[PDB]
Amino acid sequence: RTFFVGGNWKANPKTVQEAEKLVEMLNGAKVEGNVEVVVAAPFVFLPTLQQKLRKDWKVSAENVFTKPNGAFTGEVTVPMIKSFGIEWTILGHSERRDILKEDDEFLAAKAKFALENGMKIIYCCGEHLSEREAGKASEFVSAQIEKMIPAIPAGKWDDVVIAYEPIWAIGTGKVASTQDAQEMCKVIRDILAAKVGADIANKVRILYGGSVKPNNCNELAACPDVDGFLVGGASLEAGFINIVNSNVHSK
């Protein structure tokens, strides 16, 4: 499996002028090793990223709707993204599940529609504090993945990347260890193996989407079931390249 690093800018930066400066920074970055890099940005910055970002990396949307077009004021759809040549979207990020109240049914429908229409997806999952403390993390994550599975069209697993978010470690006063990251990525791989088979489980990249910074990326990358990262705040900083380059520590 090729190591995979997505930079999720989230709702940043504030201005297109800043977005352009970030792209200029990324374009000069020297990548070591072998790694697939995707950069996700706010919708209004996607055209300028697609035009200006180094072509060995790919641009990603941060969300899409379930339909091709129509009476859905405020929503952006897959065909609109594709019309710019953009190939990726994030789906099911914790922030959308929690703040924007996106449920699994909505997310499954997005995954199916996106894949049927030629997109590649970074599909996010992860358990909250209660389930972590109860020792029921695998059960919760399995239920999420089990909702996602039927959405994936036959022959589309090549176009799926899964990101694990330790939501129990986001704004809770608890922190995740490297071991925690490894354990949950392995949990996901095993769910895939049990439900859709070893061939799929062996090719699907499973990312760690908790806090990833230059000070912990190498140790995390070395974990055997961690295939890369969905990076938050560091994606806006010069440290992003350190994280991209942590691939050399992943065997």
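Residues carry their position along the shown sequence, with the first being 1.
When the two stretches 132-140 and 151-159 are set side by side, the higher mean Cα temperature factor goes to 151-159.
If you average the C-alpha B-factors over 34-42 and over 195-203, the higher value belongs to 195-203. Of all the options 103, 75, 95, 165, the entry's greatest CA B-factor is assigned to 103. Among the modelled residues of its chain, residue 60 has a C-alpha B-factor that falls in the lowest third according to the deposited record. In the PDB entry, a CA B factor belonging to the highest third of its chain's modelled residues is recorded for residue 67. Remark: residue 231 belongs to the lowest third of its chain, ranked by C-alpha B-factor as recorded. When the CA B factors of the chain's modelled residues are split into thirds, the value for residue 83 lands in the lowest one. Ranked against the other modelled residues of its chain, the C-alpha B-factor of residue 172 as given in the entry falls in the middle third.
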